[PDB]
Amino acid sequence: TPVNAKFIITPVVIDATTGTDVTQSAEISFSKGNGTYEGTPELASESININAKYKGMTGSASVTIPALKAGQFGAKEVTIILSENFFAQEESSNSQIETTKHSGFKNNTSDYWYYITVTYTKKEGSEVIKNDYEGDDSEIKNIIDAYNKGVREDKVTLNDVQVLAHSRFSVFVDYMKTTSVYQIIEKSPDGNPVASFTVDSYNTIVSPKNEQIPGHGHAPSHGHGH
């Protein structure tokens, strides 16, 4: 039974009127699922819409879960802007691999699979790289700043990565850089775009690999068991 891919989406809700993270106080809804998405074992690329409500303000953002193969694990934060007067609309988004890291290989020539520990550095966060807004409206400024909290690094440890039997095992870590263009648009009962800004956002995908040992007489499998 293959290890399912997994992807976690973490909403962060910002009240633009004050610049405050209100995530723990806001009503939050996922269009589908509960924030944690698990393949069968593959996960299809899919768009999830996250809505939030706080003090009569509503806001929404979409996040694309990437297509993931067996064993791959990823996570991404998504910012939801709440404002009485504006909404932030993502106009375009393009993701690229910024860095690929790859361990050396552990050969498992035995007939038994087992769990290994994988400690990895999670690169995540967000920076505004372009901002065309020239005004003094603090609400607009708060919205833009919400995407400029910075890029950060954190060690994460999985103790449950599967090393198959008859397998050349290794781990990839990919740092993804996503460039997105947003407009800030007036709410109205229609609205004017009042600013445009561009964000580079970062997240990490981990990909344990169980490959053929060249010359070995078996392909990777669960063998005789654990």
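From 1 onward, residues are counted along the sequence shown.
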Quiz item: For the C-alpha atoms alone, is the average B factor greater in 140-148 or in 78-86, going by the entry?
Solution: 78-86
Quiz item: Between 69-77 and 108-116, which has the larger average Cα B-factor in the PDB entry?
Solution: 108-116
Quiz item: When you compare the CA B-factors of 18, 23, 10, 203 as listed in the entry, which one comes out on top?
Solution: 18
Quiz item: Between 181, 43, 161, 50, where does the Cα B-factor run highest in the record?
Solution: 161
Self-check item: Third of chain Cα B-factors occupied by residue 131
Solution: lowest
Exercise. Consider only the C-alpha atoms of the modelled residues in this chain, order them by B-factor as the entry records it, and name the third containing residue 55: lowest, middle or highest.
Key: middle
Quiz item: Split the chain's modelled residues into thirds by Cα B-factor; is residue 39 in the lowest, middle or highest one?
Solution: middle
Quiz item: In terms of the CA temperature factor given in the entry, to which third of its chain does residue 190 belong: lowest, middle or highest?
Solution: highest
Self-check item: Chain third (lowest, middle, highest) by recorded CA B-factor, residue given as residue 157
Solution: highest
